[PDB]
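Novice: Next comes the structure file structure_3.cif, holding mmCIF, C-alpha atoms (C1' of nucleotides).
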```
data_data
loop_
_atom_site.label_atom_id
_atom_site.label_comp_id
_atom_site.auth_asym_id
_atom_site.auth_seq_id
_atom_site.Cartn_x
_atom_site.Cartn_y
_atom_site.Cartn_z
CA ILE A 1 45.53 23.40 30.07
CA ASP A 2 48.67 22.12 31.88
CA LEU A 3 49.12 18.45 30.80
CA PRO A 4 50.43 15.88 33.40
CA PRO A 5 54.00 14.84 32.29
CA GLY A 6 53.96 12.52 29.25
CA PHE A 7 50.38 13.43 28.24
CA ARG A 8 51.01 14.70 24.66
CA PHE A 9 49.11 15.14 21.35
CA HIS A 10 49.78 11.84 19.51
CA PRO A 11 46.52 11.27 17.49
CA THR A 12 45.78 8.14 15.41
CA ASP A 13 45.47 8.68 11.62
CA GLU A 14 41.63 8.48 11.80
CA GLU A 15 41.49 11.03 14.69
CA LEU A 16 43.44 13.49 12.48
CA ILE A 17 41.10 13.04 9.46
CA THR A 18 37.76 12.81 11.39
CA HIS A 19 38.29 15.44 14.16
CA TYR A 20 40.80 17.84 12.49
CA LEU A 21 41.10 17.94 8.65
CA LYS A 22 37.44 17.03 7.88
CA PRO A 23 35.90 19.93 9.96
CA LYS A 24 38.42 22.49 8.56
CA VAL A 25 37.67 21.47 4.94
CA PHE A 26 34.00 22.43 5.61
CA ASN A 27 34.65 25.48 7.88
CA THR A 28 37.76 27.49 6.84
CA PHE A 29 37.52 29.14 10.31
CA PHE A 30 38.02 25.85 12.23
CA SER A 31 40.66 26.43 14.96
CA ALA A 32 42.73 23.88 16.93
CA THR A 33 45.07 24.75 19.87
CA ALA A 34 47.32 21.75 19.08
CA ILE A 35 47.80 22.59 15.36
CA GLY A 36 48.51 25.95 13.61
CA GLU A 37 48.41 26.97 9.90
CA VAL A 38 51.50 27.78 7.73
CA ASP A 39 52.35 27.81 3.98
CA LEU A 40 55.25 25.32 3.58
CA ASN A 41 55.79 26.87 0.11
CA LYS A 42 57.02 29.97 2.03
CA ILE A 43 58.14 28.85 5.55
CA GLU A 44 61.25 26.62 5.85
CA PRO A 45 61.55 23.46 8.07
CA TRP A 46 64.54 24.88 10.05
CA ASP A 47 62.47 28.01 10.91
CA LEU A 48 59.28 25.86 11.33
CA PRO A 49 59.52 25.03 15.14
CA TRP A 50 59.65 28.80 15.91
CA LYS A 51 56.22 29.27 14.25
CA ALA A 52 54.71 26.20 16.02
CA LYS A 53 51.94 25.71 18.65
CA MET A 54 52.06 23.18 21.58
CA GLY A 55 54.93 21.15 19.99
CA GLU A 56 58.37 19.87 21.10
CA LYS A 57 59.18 16.51 19.36
CA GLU A 58 56.63 16.71 16.48
CA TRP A 59 54.86 19.76 14.97
CA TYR A 60 51.35 19.55 13.42
CA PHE A 61 50.32 22.25 10.85
CA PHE A 62 47.39 22.81 8.42
CA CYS A 63 48.45 23.77 4.84
CA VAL A 64 46.84 24.67 1.45
CA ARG A 65 48.17 22.47 -1.41
CA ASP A 66 48.69 24.74 -4.46
CA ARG A 67 48.62 23.33 -8.04
CA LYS A 68 52.21 23.58 -9.45
CA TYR A 69 51.08 24.13 -13.07
CA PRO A 70 47.69 25.58 -14.27
CA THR A 71 46.82 22.23 -15.98
CA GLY A 72 49.49 20.22 -14.11
CA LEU A 73 47.03 18.34 -11.85
CA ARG A 74 50.15 18.23 -9.59
CA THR A 75 51.11 19.98 -6.32
CA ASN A 76 53.67 22.81 -5.77
CA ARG A 77 56.15 21.22 -3.31
CA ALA A 78 58.86 23.88 -3.92
CA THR A 79 60.18 26.28 -1.23
CA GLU A 80 62.69 29.18 -1.18
CA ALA A 81 65.45 26.91 0.24
CA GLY A 82 64.59 23.49 -1.27
CA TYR A 83 61.82 21.07 -2.31
CA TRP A 84 59.73 18.47 -0.42
CA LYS A 85 60.02 15.10 -2.26
CA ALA A 86 57.39 12.28 -2.07
CA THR A 87 58.86 8.88 -1.01
CA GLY A 88 57.23 5.41 -1.07
CA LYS A 89 53.57 4.34 -1.51
CA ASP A 90 50.69 6.18 0.28
CA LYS A 91 48.96 4.67 3.39
CA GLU A 92 45.14 4.23 3.51
CA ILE A 93 43.24 5.63 6.56
CA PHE A 94 40.02 3.66 7.24
CA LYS A 95 37.14 4.55 9.60
CA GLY A 96 35.38 1.22 10.21
CA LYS A 97 35.01 -0.32 6.71
CA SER A 98 35.08 3.07 4.90
CA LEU A 99 38.30 4.69 3.54
CA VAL A 100 38.29 8.29 4.90
CA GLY A 101 41.88 9.50 4.36
CA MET A 102 45.35 8.92 2.85
CA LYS A 103 48.87 9.58 4.27
CA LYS A 104 51.87 10.63 2.09
CA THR A 105 55.48 10.70 3.41
CA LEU A 106 57.73 13.55 2.12
CA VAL A 107 61.50 14.12 2.74
CA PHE A 108 62.96 17.66 2.29
CA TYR A 109 65.89 18.19 -0.14
CA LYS A 110 67.81 21.54 0.01
CA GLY A 111 68.83 21.29 -3.66
CA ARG A 112 65.70 23.02 -5.08
CA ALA A 113 67.05 21.16 -8.16
CA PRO A 114 67.51 17.51 -9.44
CA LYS A 115 70.79 17.82 -7.45
CA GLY A 116 68.77 17.71 -4.19
CA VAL A 117 70.67 17.45 -0.86
CA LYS A 118 68.84 14.89 1.36
CA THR A 119 67.83 16.31 4.80
CA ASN A 120 66.52 14.59 7.97
CA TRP A 121 63.27 16.66 7.89
CA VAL A 122 60.32 14.27 7.17
CA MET A 123 56.67 15.42 6.75
CA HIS A 124 53.57 13.17 7.00
CA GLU A 125 50.93 14.88 4.78
CA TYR A 126 47.40 13.63 5.64
CA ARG A 127 44.77 14.31 2.91
CA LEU A 128 40.95 13.82 2.69
CA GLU A 129 40.16 10.90 0.31
CA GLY A 130 37.79 7.89 -0.03
CA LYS A 131 34.39 8.67 1.55
CA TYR A 132 35.54 12.32 1.22
CA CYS A 133 37.00 12.19 -2.32
CA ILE A 134 36.81 15.58 -4.15
CA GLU A 135 34.34 13.94 -6.60
CA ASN A 136 31.69 13.75 -3.81
CA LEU A 137 32.72 16.95 -1.93
CA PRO A 138 30.30 19.99 -1.82
CA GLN A 139 32.61 22.55 -3.57
CA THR A 140 34.66 22.81 -0.33
CA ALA A 141 38.51 23.17 -0.32
CA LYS A 142 39.13 19.38 0.19
CA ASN A 143 42.11 18.73 -2.15
CA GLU A 144 43.50 22.14 -1.06
CA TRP A 145 43.39 21.84 2.78
CA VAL A 146 45.82 19.14 4.13
CA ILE A 147 47.21 18.49 7.68
CA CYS A 148 51.02 18.00 7.87
CA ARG A 149 53.10 16.45 10.73
CA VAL A 150 56.75 17.63 10.45
CA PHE A 151 59.62 16.02 12.46
CA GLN A 152 63.43 15.54 12.13
CA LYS A 153 64.91 11.98 12.07
CA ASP B 1 38.64 16.49 29.62
CA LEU B 2 41.23 16.28 26.77
CA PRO B 3 40.72 17.40 23.09
CA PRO B 4 40.69 14.31 20.74
CA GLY B 5 44.18 12.89 20.05
CA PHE B 6 45.62 14.15 23.37
CA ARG B 7 46.63 10.93 25.21
CA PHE B 8 49.31 9.45 27.50
CA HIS B 9 52.14 8.89 24.97
CA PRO B 10 55.32 9.38 27.13
CA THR B 11 58.93 9.10 25.86
CA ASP B 12 61.17 6.26 27.17
CA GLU B 13 62.96 8.76 29.49
CA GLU B 14 59.67 10.41 30.62
CA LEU B 15 58.48 7.01 31.95
CA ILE B 16 61.63 6.29 34.03
CA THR B 17 62.28 9.89 35.26
CA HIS B 18 58.70 11.15 35.90
CA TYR B 19 56.97 7.88 36.97
CA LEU B 20 59.24 4.90 37.87
CA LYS B 21 61.98 6.89 39.70
CA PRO B 22 59.64 8.67 42.25
CA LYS B 23 57.82 5.36 42.99
CA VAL B 24 61.19 3.62 43.64
CA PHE B 25 62.66 6.57 45.65
CA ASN B 26 59.45 7.54 47.54
CA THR B 27 57.57 4.20 47.96
CA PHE B 28 53.93 4.51 46.74
CA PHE B 29 54.62 8.16 45.74
CA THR B 30 49.64 9.70 40.55
CA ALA B 31 46.61 8.38 38.54
CA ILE B 32 49.18 6.27 36.57
CA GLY B 33 47.57 3.03 37.89
CA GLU B 34 49.10 -0.07 39.60
CA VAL B 35 48.40 -3.87 39.19
CA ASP B 36 49.83 -7.06 40.80
CA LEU B 37 50.57 -8.63 37.35
CA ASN B 38 50.78 -11.89 39.38
CA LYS B 39 48.55 -14.64 37.85
CA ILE B 40 46.48 -11.99 35.95
CA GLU B 41 45.47 -12.80 32.31
CA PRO B 42 46.46 -9.95 29.85
CA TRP B 43 43.00 -9.95 28.16
CA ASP B 44 41.50 -9.52 31.68
CA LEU B 45 44.09 -6.80 32.56
CA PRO B 46 41.91 -3.85 31.29
CA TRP B 47 39.00 -5.02 33.53
CA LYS B 48 42.20 2.09 32.08
CA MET B 49 44.97 4.59 31.19
CA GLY B 50 44.15 4.07 27.48
CA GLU B 51 42.03 1.60 25.46
CA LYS B 52 44.82 1.80 22.82
CA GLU B 53 47.72 0.85 25.19
CA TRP B 54 47.44 -0.03 28.92
CA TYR B 55 50.24 1.33 31.17
CA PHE B 56 50.51 -0.43 34.60
CA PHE B 57 53.02 -0.89 37.50
CA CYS B 58 54.52 -4.33 38.33
CA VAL B 59 56.47 -5.98 41.22
CA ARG B 60 59.06 -8.39 39.69
CA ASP B 61 59.53 -11.35 42.10
CA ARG B 62 62.28 -14.03 41.71
CA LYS B 63 61.00 -17.42 40.40
CA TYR B 64 63.79 -19.33 42.19
CA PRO B 65 65.13 -18.21 45.64
CA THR B 66 68.76 -18.79 44.45
CA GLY B 67 68.03 -18.43 40.72
CA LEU B 68 67.52 -14.61 40.82
CA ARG B 69 65.71 -15.22 37.48
CA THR B 70 62.43 -13.20 37.58
CA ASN B 71 59.07 -15.11 37.44
CA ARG B 72 57.16 -14.49 34.16
CA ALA B 73 54.67 -17.39 34.51
CA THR B 74 50.85 -17.00 34.69
CA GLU B 75 48.09 -19.65 34.88
CA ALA B 76 47.16 -18.70 31.26
CA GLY B 77 50.73 -18.68 29.84
CA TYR B 78 54.21 -17.09 30.06
CA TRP B 79 55.93 -13.84 28.93
CA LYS B 80 58.91 -14.61 26.62
CA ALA B 81 61.58 -11.88 26.25
CA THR B 82 62.49 -11.21 22.57
CA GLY B 83 65.78 -9.87 21.13
CA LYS B 84 67.81 -7.42 23.29
CA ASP B 85 67.02 -4.50 25.69
CA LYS B 86 66.91 -0.77 24.71
CA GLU B 87 68.93 1.97 26.52
CA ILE B 88 67.13 5.04 27.99
CA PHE B 89 69.44 8.10 28.34
CA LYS B 90 68.57 11.47 29.95
CA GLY B 91 71.57 13.11 28.24
CA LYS B 92 74.90 11.23 28.55
CA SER B 93 73.62 9.46 31.71
CA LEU B 94 72.05 5.95 31.29
CA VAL B 95 68.85 6.00 33.44
CA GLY B 96 66.77 2.96 32.33
CA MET B 97 66.47 -0.18 30.16
CA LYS B 98 63.40 -1.38 28.16
CA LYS B 99 62.78 -5.15 27.71
CA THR B 100 60.21 -6.35 25.11
CA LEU B 101 58.24 -9.51 26.09
CA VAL B 102 55.69 -11.38 23.89
CA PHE B 103 52.98 -13.37 25.74
CA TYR B 104 53.00 -17.10 24.86
CA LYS B 105 49.76 -18.91 25.89
CA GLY B 106 49.87 -22.58 27.05
CA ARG B 107 52.45 -22.19 29.88
CA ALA B 108 54.43 -25.11 28.36
CA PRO B 109 58.06 -25.60 27.07
CA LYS B 110 56.53 -24.85 23.62
CA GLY B 111 53.44 -22.67 24.26
CA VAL B 112 51.42 -21.15 21.35
CA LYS B 113 52.38 -17.45 20.78
CA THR B 114 49.80 -14.60 20.94
CA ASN B 115 49.66 -10.95 19.76
CA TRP B 116 50.03 -9.63 23.37
CA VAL B 117 53.30 -7.57 23.51
CA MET B 118 54.57 -5.84 26.71
CA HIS B 119 57.34 -3.19 26.85
CA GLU B 120 58.81 -3.49 30.39
CA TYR B 121 60.73 -0.32 31.44
CA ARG B 122 63.09 -0.80 34.44
CA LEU B 123 65.40 1.53 36.50
CA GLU B 124 68.54 -0.50 35.57
CA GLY B 125 70.73 2.64 35.26
CA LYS B 126 70.80 3.26 39.05
CA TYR B 127 69.78 -0.28 40.18
CA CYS B 128 73.35 -1.49 40.99
CA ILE B 129 74.06 1.37 43.48
CA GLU B 130 70.72 0.81 45.33
CA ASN B 131 70.82 4.55 46.27
CA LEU B 132 67.75 3.81 48.43
CA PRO B 133 68.22 0.36 50.11
CA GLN B 134 64.49 -0.56 50.21
CA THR B 135 64.19 -3.47 52.71
CA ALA B 136 60.87 -4.22 50.96
CA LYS B 137 62.91 -6.32 48.46
CA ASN B 138 60.37 -5.16 45.82
CA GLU B 139 61.56 -4.45 42.23
CA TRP B 140 59.08 -1.89 40.75
CA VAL B 141 58.75 -1.56 36.92
CA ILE B 142 56.27 0.04 34.43
CA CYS B 143 54.86 -1.94 31.47
CA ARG B 144 53.23 -0.77 28.19
CA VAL B 145 50.91 -3.76 27.46
CA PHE B 146 49.08 -3.88 24.08
CA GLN B 147 47.68 -6.63 21.78
CA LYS B 148 48.99 -5.28 18.43
"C1'" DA C 1 63.94 22.71 -20.21
"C1'" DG C 2 62.16 22.41 -14.73
"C1'" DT C 3 59.41 20.07 -11.34
"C1'" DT C 4 57.03 16.62 -9.49
"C1'" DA C 5 55.74 11.68 -8.66
"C1'" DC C 6 56.18 6.36 -9.10
"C1'" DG C 7 57.88 2.31 -7.38
"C1'" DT C 8 61.10 -0.94 -6.34
"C1'" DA C 9 65.10 -1.58 -3.42
"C1'" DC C 10 67.51 -1.29 1.16
"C1'" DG C 11 68.71 -0.50 6.18
"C1'" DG C 12 66.87 -0.37 10.88
"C1'" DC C 13 63.63 -1.80 14.14
"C1'" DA C 14 60.50 -5.26 16.56
"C1'" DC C 15 59.97 -9.09 17.32
"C1'" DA C 16 59.88 -15.06 16.19
"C1'" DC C 17 61.79 -18.81 17.94
"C1'" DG C 18 65.76 -22.21 18.39
"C1'" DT C 19 69.07 -23.26 21.44
"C1'" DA C 20 71.58 -22.46 25.96
"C1'" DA C 21 71.30 -21.49 31.45
"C1'" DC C 22 69.41 -21.18 35.78
"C1'" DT D 1 62.03 -31.64 34.65
"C1'" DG D 2 60.49 -27.02 34.37
"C1'" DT D 3 60.97 -22.39 33.53
"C1'" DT D 4 63.45 -18.39 31.81
"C1'" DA D 5 66.68 -15.78 29.11
"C1'" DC D 6 69.83 -15.07 25.00
"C1'" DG D 7 70.89 -13.99 20.31
"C1'" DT D 8 70.55 -14.54 15.67
"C1'" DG D 9 66.82 -14.48 11.73
"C1'" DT D 10 63.66 -12.05 9.75
"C1'" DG D 11 60.01 -9.97 8.04
"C1'" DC D 12 58.10 -5.59 7.78
"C1'" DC D 13 58.27 -0.62 8.13
"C1'" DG D 14 60.37 4.03 6.83
"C1'" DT D 15 62.49 6.00 3.74
"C1'" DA D 16 66.28 6.45 -0.78
"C1'" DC D 17 66.51 7.36 -4.86
"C1'" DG D 18 66.55 6.49 -9.87
"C1'" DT D 19 63.46 6.81 -13.81
"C1'" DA D 20 59.50 8.03 -15.49
"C1'" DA D 21 56.17 11.49 -16.28
"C1'" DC D 22 53.71 15.81 -16.17
#
```
Write the structure described by the file as structure tokens, please.
Specialist:
Amino acid sequence: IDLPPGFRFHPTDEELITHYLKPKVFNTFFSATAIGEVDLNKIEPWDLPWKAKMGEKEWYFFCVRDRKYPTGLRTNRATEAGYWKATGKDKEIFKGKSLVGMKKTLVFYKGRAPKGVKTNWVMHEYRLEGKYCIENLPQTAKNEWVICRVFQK
Amino acid sequence: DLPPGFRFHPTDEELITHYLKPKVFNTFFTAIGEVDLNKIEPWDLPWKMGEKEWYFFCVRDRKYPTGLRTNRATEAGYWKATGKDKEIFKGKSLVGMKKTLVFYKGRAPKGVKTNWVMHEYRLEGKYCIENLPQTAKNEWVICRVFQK
DNA sequence: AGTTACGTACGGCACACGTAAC
DNA sequence: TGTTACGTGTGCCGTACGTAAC
């Protein structure tokens, strides 16, 4: 609907995990008007705002984390242009006294190599953890499905 | 109703241009909410735009008739400005200034501080010209009050 | 070898609070 | 004497970026 000026989608970390990522992990057909679905392994952050929904300053997008190596137990963070690089320690998301999620901060580098070129594109990847750790998940795509907030400094 | 996460989170400029400016230009104009902020305790302020942060209007009145210094004293305590103000620019044109004040309970020379923090946004960019010479002698501002 | 991730700095931002002004 | 603002200090956040590890 038309939002009065200033009314925007700025959810708290727990609102993202509880009302957005958690339902999608269970139902792959969960749909949200505020947040679309892209594969950051293919799409590039410069072209990202074109393929965005209800977003001007920040863009929210669901994504499927792909394992880099067959036995790597790591995540493919490589794109055609460059590579998303994890920076700093993760941030715990708690619902009441129960840990329900985790936030990782990633900065894009155009190098696609150890000679990465730092960019101003920063992505806040939110992932299901704690009360919803893959160990106690009913064979749903938990580790795979992750919400991502992309913005430019 | 609003889907979860959708809230009133306006930019610095959005506050001055879409809310403060019309109220200054056209007195009393929008569901934004107004409060006297005169002798009102901040914990009793919600008694709401948002339970996270409360946004309310305010009428700054001069403490001293000749002082021109604005009154920030309540029965419960005083609001103490911290650091320096922040510029609000709609392009290359300065439109507003944001002052951060931290509530200090006690109302004494050395009152005990509290976690109440208020971001006061004012129309300082066009204040000097007094485009509209309101004889009401009322300075209208908008404040983001939260206890975080 | 290439790619990712860890983890401790480091710079900016949001105040904390002494010391000056009205 | 009281009350308010000013202005650096600073502690904490948001990354930067080797160095290690997968």
Novice: Chain C residues within 10 Å of chain A, counting only C-alpha atoms (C1' of nucleotides): which ones, as a count of residues only?
Specialist: 7
Novice: Show me a table, sorted first by chain and then by increasing residue number, of the residues of chain D having an atom at most 12 Å from chain B, each with its shortest atom pair and the distance in Å to one decimal, counting all atoms listed in the file and written as CSV.
Specialist:
```
residue,atom,partner,partner_atom,distance
D:1,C1',B:109,CA,10.5
D:2,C1',B:109,CA,7.8
D:3,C1',B:109,CA,7.8
D:4,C1',B:69,CA,6.9
D:5,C1',B:81,CA,7.0
D:6,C1',B:83,CA,7.6
D:7,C1',B:83,CA,6.6
D:8,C1',B:83,CA,8.6
D:9,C1',B:83,CA,10.5
D:10,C1',B:83,CA,11.8
```
Novice: Generate a file of the selected residues that holds C-alpha atoms (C1' of nucleotides), formatted as a compact mmCIF listing (two decimals), in the coordinates of the input.
Specialist:
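To be explicit, this is the file written out as part19.txt:
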```
# COMPACT_ATOMS: atom_id res chain seq x y z
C1' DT D 1 62.03 -31.64 34.65
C1' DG D 2 60.49 -27.02 34.37
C1' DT D 3 60.97 -22.39 33.53
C1' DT D 4 63.45 -18.39 31.81
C1' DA D 5 66.68 -15.78 29.11
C1' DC D 6 69.83 -15.07 25.00
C1' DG D 7 70.89 -13.99 20.31
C1' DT D 8 70.55 -14.54 15.67
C1' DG D 9 66.82 -14.48 11.73
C1' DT D 10 63.66 -12.05 9.75
```
Novice: Give me the chain B side of the contact with chain A, cut-off 12 Å, one line per residue showing its nearest atom pair and distance in Å at one decimal, counting all atoms listed in the file, sorted by chain and residue number, as a Markdown table.
Specialist:
```
| residue | atom | partner | partner_atom | distance |
| --- | --- | --- | --- | --- |
| B:1 | CA | A:1 | CA | 9.8 |
| B:2 | CA | A:1 | CA | 8.9 |
| B:3 | CA | A:9 | CA | 8.9 |
| B:4 | CA | A:15 | CA | 6.9 |
| B:5 | CA | A:11 | CA | 3.8 |
| B:6 | CA | A:9 | CA | 4.2 |
| B:7 | CA | A:7 | CA | 5.4 |
| B:8 | CA | A:7 | CA | 4.2 |
| B:9 | CA | A:7 | CA | 5.9 |
| B:10 | CA | A:6 | CA | 4.0 |
| B:11 | CA | A:6 | CA | 6.9 |
| B:12 | CA | A:6 | CA | 9.8 |
| B:13 | CA | A:6 | CA | 9.8 |
| B:14 | CA | A:6 | CA | 6.2 |
| B:15 | CA | A:6 | CA | 7.6 |
| B:16 | CA | A:6 | CA | 11.0 |
| B:17 | CA | A:5 | CA | 10.1 |
| B:18 | CA | A:5 | CA | 7.0 |
| B:19 | CA | A:5 | CA | 8.9 |
| B:30 | CA | A:4 | CA | 9.5 |
| B:31 | CA | A:4 | CA | 9.9 |
| B:32 | CA | A:4 | CA | 10.2 |
| B:49 | CA | A:7 | CA | 10.8 |
| B:50 | CA | A:7 | CA | 11.3 |
| B:52 | CA | A:12 | CA | 9.8 |
| B:55 | CA | A:6 | CA | 11.9 |
```
Novice: Please identify every residue of chain C that has at least one atom no farther than 8 Å from an atom of chain B, counting all atoms listed in the file, and for each give the shortest atom pair and the distance in Å to one decimal, arranged by chain then increasing number, as CSV.
Specialist:
```
residue,atom,partner,partner_atom,distance
C:15,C1',B:82,CA,6.2
C:16,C1',B:82,CA,7.9
C:22,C1',B:67,CA,5.8
```
Novice: Could you jot down the atom CA of residue A:62 to atom CA of residue A:94 separation for me, Å, one decimal place?
Specialist: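 Atom CA of residue A:94 lies at a distance of 20.6 Å from atom CA of residue A:62.
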Novice: Residues of chain D within 9 Å of chain A: nearest atom pair and distance (Å, one decimal) for each, counting all atoms listed in the file, sorted by chain and number, as a Markdown table?
Specialist:
```
| residue | atom | partner | partner_atom | distance |
| --- | --- | --- | --- | --- |
| D:14 | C1' | A:88 | CA | 8.6 |
| D:15 | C1' | A:87 | CA | 6.6 |
| D:16 | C1' | A:87 | CA | 7.8 |
| D:17 | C1' | A:87 | CA | 8.7 |
| D:22 | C1' | A:72 | CA | 6.4 |
```
Novice: Which residue gives the smallest distance to residue C:17 among B:133, B:112, B:124, B:144, with all atoms listed in the file counted?
Specialist: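 Among the listed residues, the smallest separation from residue C:17 belongs to B:112.
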Novice: Quick one: distance from atom CA of residue A:133 to atom CA of residue A:97 in Å, one decimal?
Specialist: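 Between atom CA of residue A:133 and atom CA of residue A:97 the gap works out to 15.6 Å.
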Novice: Could you state the separation of atom CA of residue A:28 and atom CA of residue A:128 in Å, given to one decimal place?
Specialist: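 Going from atom CA of residue A:28 over to atom CA of residue A:128, I get 14.6 Å.
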